[PDB]
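A.B. asks: The structure under discussion is supplied below as structure tokens; questions concerning it will follow.
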Ligand SMILES: [Zn+2]
Ligand SMILES: [Zn+2]
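Protein chains in written order, with this note's numbering: chain A, 4 to 92; chain B, 5 to 361; chain C, 290 to 416; chain D, 162 to 200; chain E, 208 to 352; chain F, 502 to 713; chain G, 176 to 415; chain H, 327 to 428; chain I, 13 to 47.
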């Protein structure tokens with residue numbers, strides 16, 4: 004479904020401390036790092052005066068199947084890497 | 005009776021083979037007047053593969069055929085009005101629109117074409133079927149058409165913009181017949197994988213898969229009233245209740261063998277044209293085969309030529325236009341001045357040996 | 290009778306049996322006029338939104354002729370404005386779009402019971 | 162061998178999962194953009 | 208044009224190229240639809256237990272019947288089931304009606320000189336010489352009977 | 502130059518029709534040196550066909566023949582179809598019935614050529630595929646024994662993978678190809694999964710040591 | 176022959192490239208699927224070997240040799256709970272097919288799980304399949320000596336197949352055991368149901384004659400000739 | 327006469343396996359549960375380790391017998407007939423099929 | 013003589029009785045024009 008798409012899964016610590024964040028949507032932006040298949044690239048900055056653009060690297064389906072955010076790819080709960088998560092379980 | 009329920013004490017009191025059987029004998033089918041041949045029209049150079057009636061004002065019908073040409077026939081006199089060439093292979097299905105002056109026709113040449121009936125020219129061609137297309141059905145009150153064919157998919161076409169808007173992917177074989185209903189399920193389809201699907205076109209998935217036929221479900225037909233579809237495999241005809249996908253009734257089609265077409269009347273008469281030439285008329289609400297006719301081919305043709313390929317009733321429902329493999333168009337009249345007496349039809353006699361019910 | 294349900298749960302006898310066999314005058318009503326309109330306006334709005342997706346994504350300039358921000362994230366801990374980037378008209382729009390081919394998995398959660406009837410099965414060597 | 166009859170046709174199920182190309186065909190250009198409705 | 212050329216550079220060509228029918232591939236597509244219609248009607252007459260092997264052998268009697276028709280040889284297979292022989296003769300006559308009517312239609316084009324392909328002039332010569340002898344052999348039997 | 506038929510060429514022609522069929526007469530003449538496809542077709546349709554009728558003359562046949570040759574005078578191809586017999590035999594007996602009123606040195610080489618051509622059925626494409634498959638396995642056998650002889654010297658060199666033909670070419674060894682996992686079942690295959698993994702890991706440990 | 180694991184790893188790539196090539200050209204040809212699925216069992220990798228049978232079932236799930244071979248593949252490697260899930264999906268997809276039901280039974284027969292074949296047969300005889308299922312279900316309880324249970328089956332078996340060769344099978348059961356009080360109770364139930372359900376017209380004239388005669392010749396062996404004699408009068412009057 | 331339908335042949339092969347299972351219980355005589363999970367809906371059945379081995383070995387042994395019976399039938403099929411001329415095994419195999427049709 | 017038994021009308025049609033440009037559906041022209 005190209006007209007019915009889930010909202011992006013991003014961390015709270017990726018978004019940072021500010022309240023309102025201006026995020027840019029590109030409907031077929033880059034292709035996923037994992038599945039190599041295109042998606043809607045969201046990218047944003049933490050503050051207005053920052054100097055680092057934080058891109059969404061993976062698609063929402065690859066982010067759902069792993070339960071990770073799209074930007075830093077840490078687990079959505081516990082905020083740990085995948086390799087450490089599957090070792091703790 | 006009550007003896008069966010007090011001795012052979014059931015848990016359902018309907019799911020016995022006897023309690024189902026006594027209710028069939030407790031009920032009588034509606035009488036319907038028999039059918040006879042009234043006019044034979046010989047105009048095509050090949051088989052007549054599909055017949056469509058004018059849904060408004062009922063003056064003409066059109067028969068797409070095996071000689072790649074559609075001919076328009078006047079319903080009353082039977083004369084030839086015009087010939088519509090423009091396919092290069094056999095015209096497989098023809099649908100006329102009620103809300104539009106548009107004629108849609110598919111063929112085995114992978115083409116779906118529209119026809120401006122105010123101009124009698126091809127406008128608005130459609131593109132995307134991987135193989136030959138077998139059926140058309142025009143959606144009532146949405147300006148779609150539904151086509152399907154050997155590609156095992158149903159492409160739902162926008163009329164105006166000619167776009168394959170929705171493709172419905174569920175089948176496993178070539179789709180033989182497709183229907184369009186105004187509410188969910190809006191598309192009813194039947195294919196050679198012995199399934200009948202009920203489609204949710206907004207989600208693009210199947211509401212209900214009907215796996216009751218054994219062989220290729222070659223023909224379906226929508227009931228003009230009472231909101232039901234009847235599907236015909238190669239012997240068993242089953243009426244289906246839409247919006248639940250329920251098996252309403254199981255007809256008495258025994259040794260019918262390969263039913264090539266179905267058409268349902270306003271007066272609850274279900275026609276079943278078979279390849280063997282034997283054409284049979286059923287009570288729709290009951291399933292009783294009340295008349296079984298056989299046709300005569302021509303002066304000289306093969307014995308395989310005796311086969312009904314396509315059929316429809318007119319808007320009044322008192323005429324049955326069937327196109328057959330002997331290059332002929334036969335019009336079947338339900339005869340007046342027959343009563344319940346002197347023309348009873350076949351006797352209502354269900355059996356336990358056939359497990360149909 | 291230790292596991293009575295857990296054998297062949299998806300198939301019942303009620304699916305085999307017809308419903309008009311108990312009464313020939315069972316009413317299956319046509320859809321009401323208020324019901325066809327609730328379905329038409331849902332279908333027509335869904336398909337017009339699909340045609341506008343196909344026309345806007347085409348590279349033809351003569352296709353706009355024929356034709357959601359402030360979403361919540363992190364259980365609404367962050368209100369996030371969603372905007373569009375002004376594309377360069379010379380760079381290829383849809384940079385991740387290629388002509389690639391994908392095989393698709395089948396989602397089989399429930400088995401569909403193939404509900405034939407039992408068995409007129411005697412046959413000589415005629416076939 | 163090498164010259165075979167079809168056991169099955171190419172299904173539209175396979176082309177449905179592919180990613181589109183958006184190439185502009187001459188026969189998909191806009192034409193007859195207005196439908197005619199019956200009285 | 209160049210917009211299709213550049214997007215074919217950046218994206219590659221589509222994999223879903225569905226070929227329309229043409230004069231080039233009309234005789235080929237006619238046979239693919241004729242073999243599917245015969246394979247359907249026989250697979251429905253079968254009582255049970257028919258697979259991709261048994262559907263594969265029965266379609267060769269279709270090809271053999273068409274060669275016997277063109278040769279004006281009577282096609283009679285000993286032990287052929289009479290419903291299945293009824294199906295094949297129904298479609299051999301169906302293909303014969305297209306075969307003969309295309310020979311009448313193309314003959315009228317060659318007399319008008321109205322753009323007949325060089326191969327089709329050799330094909331129409333080969334069709335009429337079968338029709339002329341098939342009419343000749345039938346005329347021989349009517350004198351004999 | 503018009504030759505007579507030896508019994509060698511007679512047997513080659515019978516075996517040729519047995520394979521090629523009755524309509525491929527230029528196929529038959531290719532085996533049959535010094536003979537024409539017309540001559541081959543003419544002999545099989547006048548002499549060598551076992552359907553033909555070379556036997557004695559019953560008195561029904563003689564009365565029928567003298568009937569037909571009187572009613573259809575001198576139309577022997579017509580009479581031979583009414584008698585269901587060959588034609589010059591039918592003339593030969595009509596000639597005889599009225600007289601009742603009286604008052605390896607080369608051949609075997611052709612046969613060796615015919616014997617091989619009938620028993621080789623493939624063509625260019627299949628014989629070539631055979632050659633390429635035998636040469637591919639010969640390259641495979643060579644590269645494996647190379648690795649073993651280097652392993653005799655202790656120096657380990659891995660097997661090279663086949664080169665990708667196209668972009669998304671699949672290494673089937675690399676991953677479970679299109680993993681259609683079984684549908685989730687109620688009967689709880691938990692101890693069974695442990696025992697296969699242990700048995701499969703045990704199997705991989707055996708292959709490194711004893712070598713299958 | 177293969178020496179080490181790296182030669183095995185190159186051997187497995189060559190066959191799996193080969194078999195996946197012929198299955199890509201031919202989605203069909205179920206025999207080609209099984210020979211590649213049997214290849215993966217020989218490589219002792221059952222995770223792959225389950226996958227080919229699952230992929231082959233997505234092409235043609237109505238092909239019965241494919242179901243039996245994948246079930247047998249789970250049984251030969253002692254994965255019994257993988258087989259129970261698989262035969263459950265076999266009978267839930269194709270309930271008509273008798274082979275798939277008898278496959279579930281003789282495995283649970285082989286494991287001496289008498290309560291699972293009994294639960295299986297109760298479901299299978301609820302879908303009204305035919306006389307081969309019931310007759311194997313009354314033969315199952317004779318094995319288990321459950322005489323009270325097999326008498327409950329014939330109570331249901333005559334209601335699923337109302338015909339005299341199911342009623343007379345139940346009196347051949349009772350006269351095999353010689354219980355006189357139970358046999359005439361079945362005989363009284365069989366002849367009343369013909370009288371009670373006379374109007375339905377499901378027993379023919381030759382068919383009801385087998386019930387009256389087998390009732391009478393049993394009463395002749397039970398030394399009560401006056402009951403043998405009187406029933407002939409009621410049957411001739413009841414059916415003239 | 328006729329062939330045997332797949333309902334009867336399923337029944338007959340069912341009965342042969344019951345008789346063979348009966349003699350295995352007879353020979354074992356002469357020579358001498360269900361727990362459903364709370365957390366999940368998964369069900370657990372206690373089994374002996376025997377009778378699972380015995381089923382698996384029997385299925386293997388029946389496969390061996392049918393393999394070698396067909397293999398010996400292969401041996402007879404290519405050693406019996408030698409009258410008609412052929413080219414390969416597949417020729418004689420197809421012309422045995424034509425002899426079966428007569 | 014002719015088959016099907018004299019109640020049935022058999023007709024052989026080899027030519028069209030309409031012109032090809034004759035509209036099969038009459039166009040909806042509401043306002044009368046005098047141009
Ligand atoms: Zn991804
Ligand atoms: Zn993150």
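All residues carry an ideal CB built from backbone N, CA and C; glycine is no exception.
Taking a Cβ distance cut-off of 9 angstroms, strictly less, list which residues of the segment 21 to 44 of chain B are near chain C, in chain order.
C.D. replies: Listed by position along the chain: 24, 27, 28, 31, 32, 33 and 34.
A.B. asks: Starting from residue 187 (chain G), find everything on chain F with Cβ-Cβ shorter than 7 angstroms and list it in chain order.
C.D. replies: What residue 187 (chain G) touches in chain F: 674.
A.B. asks: Any residues whose CB sits closer than 7 angstroms to a heavy atom of ligand 2? List them in chain order?
C.D. replies: Residues with a Cβ closer than 7 angstroms to any heavy atom of ligand 2, in chain order: A:13, A:14, A:16, A:17, A:72, A:74, A:75, A:76 and A:77.
A.B. asks: When you compare only the Cα positions, how much space is there between residue 248 (chain B) and residue 338 (chain E)?
C.D. replies: Each residue's alpha carbon lies about 58 angstroms from the other.
A.B. asks: Scan the segment 237 to 308 of chain E and note each continuous alpha helix (DSSP H) run of 4 residues or more that stays entirely inside, going in chain order.
C.D. replies: Runs of the alpha helix (DSSP H) inside the segment 237 to 308 of chain E: 261 to 277.
A.B. asks: Would you verify that the beta carbon of residue 412 (chain C) is, or is not, closer than 9 angstroms to some beta carbon of chain E?
C.D. replies: So yes, residue 412 (chain C) belongs to the interface.
A.B. asks: Which residues, in chain order, sit with a beta-carbon under 7 angstroms away from any heavy atom of ligand 1?
C.D. replies: Output, sorted by chain position: A:35, A:37, A:38, A:40, A:42, A:61, A:62, A:64 and A:65.
A.B. asks: Checking 9 angstroms against the spacing of the C-beta atoms, do residue 340 (chain C) and residue 317 (chain C) come in under that value?
C.D. replies: Result no, Cβ atoms of residue 340 (chain C) and residue 317 (chain C) do not sit closer than 9 angstroms.
A.B. asks: Could you list which residues in chain D have their beta carbon closer than 8 angstroms to that of residue 234 (chain C), in chain order?
C.D. replies: Outside the modelled stretch of chain C, which goes from 290 to 416, sits residue 234 (chain C), for which no answer is possible.
A.B. asks: Quick check: is the beta carbon of residue 403 (chain C) nearer than 9 angstroms to any beta carbon in chain F?
C.D. replies: So, not an interface residue.
A.B. asks: Which residue wins for smallest C-alpha separation from residue 381 (chain G), given the options G:276, G:252 and G:340?
C.D. replies: Taking only the C-alpha atoms, the option nearest residue 381 (chain G) is G:340.
A.B. asks: Taking DSSP as the reference, what is the three-state secondary structure of residue 152 (chain B)?
C.D. replies: Strand.
A.B. asks: Of the residues H:327, H:331 and H:342, which one's Cα is nearest the Cα of residue 278 (chain G)?
C.D. replies: Residue H:342 is the option with its Cα nearest to residue 278 (chain G).
A.B. asks: Between the segment 80 to 94 of chain B and chain E, which residues of the former have a C-beta closer than 8 angstroms to a C-beta of the latter?
C.D. replies: Those would be 92, 93 and 94, in chain order.
A.B. asks: Suppose the cutoff is 6 angstroms on Cβ atoms and the five residues either side in sequence are ignored; what does the same chain contact list for residue 142 (chain B) look like?
C.D. replies: Excluding residues within five positions, the ones whose Cβ falls inside 6 angstroms are 99, 101 and 149.
A.B. asks: To which residues does DSSP link residue 225 (chain B) through a beta bridge?
C.D. replies: According to DSSP, residue 225 (chain B) bridges with B:234.
A.B. asks: Count the other CB atoms, across all protein chains shown, that sit within 10 Å of the CB of residue 47 (chain I); report buried if there are 16 or more and exposed otherwise.
C.D. replies: By the neighbour-count rule (16 or more Cβ atoms within 10 Å), residue 47 (chain I) is not buried but exposed.
A.B. asks: Three or more beta-carbon pairs under 8 angstroms between the segment 280 to 289 of chain B and the segment 20 to 39 of chain B, yes or no?
C.D. replies: Judged by Cβ distances under 8 angstroms, the segment 280 to 289 of chain B makes contact with the segment 20 to 39 of chain B, as three or more pairs qualify.
A.B. asks: By Cβ distance below 7 angstroms, which residues in the same chain neighbour residue 334 (chain B) in space, the five residues on each side in sequence not counted?
C.D. replies: Cβ within range, chain order: 41, 44, 299, 326 and 328.
A.B. asks: Looking only at its own chain, which residues have a Cβ that is under 6 angstroms from the Cβ of residue 133 (chain B), when we skip the five neighbours before and after it?
C.D. replies: Here the set comprises 114, 153 and 155.
A.B. asks: Quick one: what does DSSP say residue 336 (chain G) is sitting in, helix, strand or coil?
C.D. replies: Here residue 336 (chain G) sits in coil by DSSP.
A.B. asks: Taking 9 angstroms as the CB-CB limit, is residue 229 (chain G) close to chain F?
C.D. replies: Closer than 9 angstroms: yes.
A.B. asks: Please list, in chain order, the chain B residues whose beta carbon lies closer than 7 angstroms to that of residue 29 (chain I).
C.D. replies: Residues of chain B passing the Cβ test: 83, 84 and 85.
A.B. asks: When burial is assigned at 16 or more other CB atoms within 10 Å of the CB, is residue 243 (chain B) buried or exposed?
C.D. replies: Counting Cβ neighbours within 10 Å, residue 243 (chain B) comes out buried, since at least 16 surround it.
A.B. asks: Can you give the beta carbon distance from residue 180 (chain B) to residue 140 (chain B), rounded, assuming they're within the 8 angstroms contact cut?
C.D. replies: Actually they do not touch by this definition, with Cβ atoms about 13 angstroms apart.
A.B. asks: For the segment 273 to 283 of chain E and the segment 333 to 350 of chain E, state whether three or more C-beta atom pairs, one from each stretch, are separated by less than 8 angstroms.
C.D. replies: Result yes; three or more Cβ-Cβ pairs closer than 8 angstroms.
A.B. asks: Using CA coordinates, which residue listed in C:398, C:331 and C:388 is at the minimum distance from residue 215 (chain E)?
C.D. replies: Nearest of C:398, C:331 and C:388 to residue 215 (chain E), Cα basis: C:388.
A.B. asks: Please classify residue 227 (chain B) as buried or exposed, where buried requires at least 16 other C-beta atoms within 10 Å of its C-beta.
C.D. replies: Result: buried.
A.B. asks: Quick one: what's got a C-beta closer than 8 angstroms to residue 237 (chain B)'s C-beta in the same chain, skipping five residues either side?
C.D. replies: Excluding sequence neighbours, residue 237 (chain B) sits near 198, 217, 218, 219, 220, 221, 222 and 263.
A.B. asks: Closer than 9 angstroms, CB to CB, is residue 305 (chain E) near chain B or not?
C.D. replies: Closer than 9 angstroms: yes.
A.B. asks: Report yes or no: do the segment 311 to 323 of chain B and the segment 260 to 277 of chain B share at least 3 C-beta pairs separated by less than 8 angstroms?
C.D. replies: A contact exists between the segment 311 to 323 of chain B and the segment 260 to 277 of chain B.
A.B. asks: What span of residues does the beta strand (DSSP E) with residue 257 (chain B) cover, start to end?
C.D. replies: Neither: residue 257 (chain B) is in no beta strand (DSSP E) and is coded neither H nor E.
A.B. asks: Which bits of chain C does residue 185 (chain D) rub up against, with CB to CB less than 9 angstroms?
C.D. replies: 347, 348 and 349, listed in chain order.
A.B. asks: Taking the straight line between their C-alpha atoms, what separation do you get for residue 68 (chain B) and residue 277 (chain B)?
C.D. replies: Roughly 17 angstroms between the two C-alpha positions.
A.B. asks: So, with DSSP's three-state summary, where would you put residue 373 (chain G)?
C.D. replies: Looking at residue 373 (chain G) - three-state DSSP - the assignment turns out to be coil, as it is neither helix nor strand.
A.B. asks: Which chain D residues sit within Cβ distance under 7 angstroms of residue 390 (chain C)?
C.D. replies: Those are 179, listed as they occur along chain D.
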